[PDB]
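# turn this into a structure:
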Amino acid sequence: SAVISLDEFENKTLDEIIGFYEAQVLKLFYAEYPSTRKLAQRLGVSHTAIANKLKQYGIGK
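Numbers count the residues shown, from 1 in each chain. You can find the structure just below:
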């Protein structure tokens, strides 16, 4: 599919591959990485930024 994974998602700052694959990546980061705060720690991001992105996707809260 793409060039990432739950063990290699700390390379892109939630943008080099987000959008559609996100629904399964963001809904997944939130399923694998609980608490957007600790979730942003693996996805290398400013947390709130990571949340807002998939917050409108139907996740986050």
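
# when you work out contacts or count neighbours from here on, use the C-alpha atoms and nothing else.
Noted.

# pull out the buried residues from stretch 46-53.
For stretch 46-53, burial by neighbour count (16 or more other Cα atoms under 10 Å) applies to 47, 50, 51, 53.

# which residues touch that stretch?
With contact meaning Cα atoms under 8 Å, 6 or more residues apart in numbering, stretch 46-53 is reached by 14, 36, 37, 38, 39, 40, 41, 60.

# go again using 7 Å as the cut-off
14, 36, 37, 40, 60 (Cα atoms under 7 Å, 6 or more residues apart in numbering).

# return the closest of the buried residues of stretch 46-53 with respect to residue 22.
Closest approach between these and residue 22, by Cα to Cα: residue 53, at 9.3 Å.

# report the secondary structure element holding the closest one.
helix 48-55 (DSSP states H and E).

# if you count neighbours, what's buried in the longest helix seen in the chain?
For the chain, the helix that runs over the most residues, judged by DSSP state H, is helix 20-32. For helix 20-32, a neighbour-count test (16+ other Cα under 10 Å) marks 22, 25, 26, 27, 29, 30 as buried.
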